[PDB]
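Line by line, the protein sequences give chains A and B.
Take 8 as the starting number for the first sequence in this note's numbering and just add one per residue.
Take 3 as the starting number for the second sequence in this note's numbering and just add one per residue.
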Amino acid sequence: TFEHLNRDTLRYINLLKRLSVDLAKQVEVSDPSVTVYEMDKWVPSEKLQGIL
Amino acid sequence: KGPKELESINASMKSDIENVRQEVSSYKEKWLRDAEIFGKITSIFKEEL
């Protein structure tokens with residue numbers, strides 16, 4: 008049992024940041040002032056975030 | 003296109019349609035000026051008749 012629990016833990020931790028799969032990142036910004044966009048501060052809409 | 007993007011242009015596109023209506027009003031005003039010109043053209047038309 009301990010051996011299974013160790014192996015499963017490595018898969019879970021691996022499966023978080025290292026093997027994660029994420030969103031498309033389509034970008035549209037309302038403020039006209041924003042002339043340059045960081046492209047990493049893009050987040051999903053609040054309605055979609057609740058479902059996720 | 004993104005629906006937020008579409009919503010923003012439709013605000014602007016509706017604004018453009020309003021501008022087109024204003025332009026149609028301007029064209030009608032131009033037609034009225036043309037009609038005043040046509041009334042002076044009317045003396046020449048009487049001479050032509």
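Just so you know, even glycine gets a beta-carbon here, dropped at the ideal spot from N, CA and C.
Of the listed residues the options, nearest to residue i (C-alpha basis)
i, options, result
"A/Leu-26", "A/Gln-33, A/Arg-18, A/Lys-32", "A/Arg-18"
"A/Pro-51", "A/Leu-59, A/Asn-21, A/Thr-8", "A/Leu-59"
"A/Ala-31", "A/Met-46, A/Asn-21, A/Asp-38", "A/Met-46"
Any C-beta of chain B under 7 Å from that of residue i
i, result
"A/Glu-35", "yes"
Cutoff 7 Å: residue i Cβ touching any chain A Cβ
i, result
"B/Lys-6", "yes"
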